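S.K.: Handing you this structure, nothing more for now.
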Amino acid sequence: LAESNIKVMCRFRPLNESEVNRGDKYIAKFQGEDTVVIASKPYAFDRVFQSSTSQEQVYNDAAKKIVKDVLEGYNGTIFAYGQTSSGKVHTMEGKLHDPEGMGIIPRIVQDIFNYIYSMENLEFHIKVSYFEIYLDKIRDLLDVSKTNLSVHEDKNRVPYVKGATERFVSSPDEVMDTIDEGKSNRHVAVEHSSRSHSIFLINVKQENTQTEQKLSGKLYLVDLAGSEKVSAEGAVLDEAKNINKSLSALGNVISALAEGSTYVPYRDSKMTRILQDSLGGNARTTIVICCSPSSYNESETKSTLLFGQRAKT
């Protein structure tokens, strides 16, 4: 199909108490349930979550329908974009298995398994893959001896990563441990800042024994490393230029879709080529951009919001 259906959503965290003492202003105005005003500039979105909004409700509005569609055979992608101390990890992971405080990913894992456990004539297979785009290279986060993987396309023109590690999982914890293993292998540097973009893949295969009909859906979880304004003046500079280039290539595709372009330049980067069949078209997408309301951050929460704006129609 040719919908476009990409939604961008912004979640502001509470300034916390320790940031309120160091001396700061809240610098974030809201009007509508979907617009935010910083420095008297309005930024419109599909949805804006303020500090009082629970984890469950960000999951219900960003992810819950994407998961449903994957359990129905479709593809989907979720992006998490944020600068450091924006509330990204809290939003994506949170305190997992506090049922009130877990973020997006753990609720996704439990909604998949509650769906499975809820079914006799239905056979399942969940494959998880986990890799990163670091310095334009695809590294496997589940098998670190595999540092430079390639993208190819099969007979049906759907893209794949030759050699990426696929793990079969059968329980919510077996999924969370695969994720923790990968995280220890991601490129981080300097506070704790992602030097790469990570892609987590949940592939949910189903077979119905009586109708002998099959289903197969791909859910991608992409953690975007924040953009850097960078002038080691060497290996780190390389890291920053690639982060920015691949984000701009991503923006280009996303914006082509949102603006109803009839040529969406997927081929331009490895990440958008990998996610080609899960970005746009009959696939559903949510970009969650996380921002700090804090004044200390106003220069770059402005930059985050501008990035989110690239996805507005």
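Taken in order, the sequence shown gives residues 4 to 122, 124 to 194, 199 to 239, 243 to 324; the numbers are from UniProt numbering.
Backbone N, C-alpha and C fix where the C-beta goes; we use that ideal spot for every residue, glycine too.
(1) Can you tell me whether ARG25 is buried or exposed? The criterion is at least 16 other CB atoms within 10 Å of its CB, across all chains shown.
(2) Would you mind stating whether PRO304 and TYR29 have Cβ atoms separated by less than 9 Å?
(3) Looking only at its own chain, which residues have a Cβ that is under 6 Å from the Cβ of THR56, when we skip the five neighbours before and after it?
(4) Go through its chain and collect everything with a Cβ distance to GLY262's Cβ below 6 Å, but skip five positions before and after it.
(5) Are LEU146 and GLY85 close, meaning C-beta to C-beta below 9 Å?
(6) Are the beta-carbon atoms belonging to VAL192 and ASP288 less than 9 Å from one another?
(7) State the CB to CB distance for the pair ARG190 and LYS131, rounded to an integer number of angstroms; the pair is presumed to be in contact (CB under 8 Å).
(8) I need the straight-line Cα distance from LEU18 to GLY319, nearest angstrom please.
(9) Go ahead and pull the three-state DSSP assignment for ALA193.
(10) Which residue marks the beginning of the beta strand (DSSP E) containing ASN263, and which one marks its end?
(11) When burial is assigned at 16 or more other CB atoms within 10 Å of the CB, is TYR277 buried or exposed?
(12) Could you have a look at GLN34 and say whether DSSP puts it in helix, strand or coil?
(13) Please go through the same chain and pick out, in chain order, the residues whose beta-carbon is closer than 6 Å to the beta-carbon of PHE208, but skip the five residues on each side of it.
(14) In angstroms with no decimal places, state the Cα-to-Cα distance between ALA267 and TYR274.
(15) If I measure Cβ to Cβ from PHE52 and keep anything under 6 Å in the same chain, skipping five residues before and after, which residues do I get?
(16) Under three-state DSSP, which class holds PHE116?
(17) Run through DSSP, which three-state label would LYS281 get?
(18) Going by the beta-carbon positions, is the gap between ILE137 and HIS205 smaller than 9 Å?
(19) Nearest by alpha-carbon distance to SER121: which of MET105, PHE48, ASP27, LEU74 is it?
(20) Along the beta strand (DSSP E) that carries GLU127, what are the first and last residues, could you check?
(21) Taking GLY76 as the reference, which of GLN218, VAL212, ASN255, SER272 has the closest Cα?
(22) Out of curiosity, what's the CA-to-CA distance linking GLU96 and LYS323?
(23) Provide the residue span of the alpha helix (DSSP H) that contains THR182, from first to last.
(24) Determine the DSSP secondary structure at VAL230, reduced to helix, strand or coil.
(25) With a threshold of 8 Å on Cβ separation, who are the neighbours of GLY104 within its own chain once the five nearest residues in sequence on each side are excluded?
(26) Quick one: grab the DSSP three-state call for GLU311.
(27) Checking the sheet assignment: what are the DSSP bridge partners for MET12?
M.R.: A quick look at the data gives this:
(1) The sequence position of residue 25 within the sequence shown is 22, counting from 1. Per the 10 Å Cβ criterion, exposed.
(2) Residue 304 sits at position 293 when you count from the first residue of the sequence shown. Residue 29 sits at position 26 when you count from the first residue of the sequence shown. Going by C-beta atoms, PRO304 is nearer than 9 Å to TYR29.
(3) Here residue 56 is taken as the residue at index 53 of the sequence shown, counted from 1. So no residue of the chain qualifies.
(4) Taking the sequence shown and counting its residues from 1, one reaches residue 262 at position 251. Counting only Cβ-Cβ distances below 6 Å, and skipping sequence neighbours, we find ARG321.
(5) Counting from 1 along the sequence shown, the entry for residue 146 is found at position 142. Counting from 1 along the sequence shown, the entry for residue 85 is found at position 82. No, they are not a contact pair.
(6) As a working mapping, residue 192 is identified with position 188 in the sequence shown. As a working mapping, residue 288 is identified with position 277 in the sequence shown. No; because the gap between Cβ atoms is not below 9 Å, this pair is not in contact.
(7) Residue mapping note: residue 190 aligns to position 186 of the sequence shown, counting from 1. Residue mapping note: residue 131 aligns to position 127 of the sequence shown, counting from 1. The Cβ separation is near 20 Å, so there is no contact.
(8) Position 15 of the sequence shown, counted from the first residue, corresponds to residue 18. Position 308 of the sequence shown, counted from the first residue, corresponds to residue 319. Rounded to whole angstroms, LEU18 to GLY319 spans 21 Å at the Cα level.
(9) Taking the sequence shown and counting its residues from 1, the one referred to as residue 193 is at position 189. Here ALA193 sits in strand by DSSP.
(10) As a first step, residue 263 must be located in the sequence shown, where it is residue number 252. That residue, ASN263, is in no beta strand (DSSP E); its alpha helix (DSSP H) goes 246 to 269.
(11) Residue numbering aside, residue 277 sits at position 266 when the sequence shown is read from its first letter. So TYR277 counts as buried.
(12) Here residue 34 corresponds to residue number 31 of the sequence shown, with the count starting at 1. Three-state result, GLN34: strand.
(13) To locate residue 208, count along the sequence shown from 1; it is residue 200. Excluding residues within five positions, the ones whose Cβ falls inside 6 Å are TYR134, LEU229.
(14) Translated into the one-based positions of the sequence shown, residue 267 becomes position 256. Translated into the one-based positions of the sequence shown, residue 274 becomes position 263. The straight-line gap from Cα to Cα measures roughly 7 Å.
(15) If you number the sequence shown from 1, residue 52 lands on position 49. The answer, listed in chain order, is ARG14, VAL61.
(16) Locating residue 116 in the sequence shown gives position 113, where the first residue counts as 1. Note: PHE116 maps to helix in three-state DSSP.
(17) As a position in the sequence shown, residue 281 is number 270, starting the count at 1. Helix, per DSSP.
(18) Translated into the one-based positions of the sequence shown, residue 137 becomes position 133. Translated into the one-based positions of the sequence shown, residue 205 becomes position 197. Closer than 9 Å, so yes.
(19) Walking along the sequence shown from the start, residue 121 turns up at place 118. Of the listed residues, the one whose Cα sits closest to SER121 is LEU74.
(20) Here residue 127 is taken as the residue at index 123 of the sequence shown, counted from 1. Element bounds for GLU127: 126 to 138.
(21) On the sequence shown, residue 76 is found 73 positions in, with the first residue counted as 1. For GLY76, the nearest C-alpha among the options comes from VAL212.
(22) On the sequence shown, residue 96 is found 93 positions in, with the first residue counted as 1. On the sequence shown, residue 323 is found 312 positions in, with the first residue counted as 1. Distance between the alpha carbons of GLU96 and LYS323: 26 Å.
(23) Taking the first residue of the sequence shown as position 1, residue 182 is located at position 178. Residues 176 to 187.
(24) Counting from 1 along the sequence shown, the entry for residue 230 is found at position 222. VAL230 falls in the strand class under three-state DSSP.
(25) The sequence position of residue 104 within the sequence shown is 101, counting from 1. Excluding residues within five positions, the ones whose Cβ falls inside 8 Å are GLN58, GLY97, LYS98.
(26) In the sequence shown, the residue the question calls residue 311 occupies position 300. Helix.
(27) Position 9 of the sequence shown holds residue 12. Its beta-bridge partners are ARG50, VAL299.
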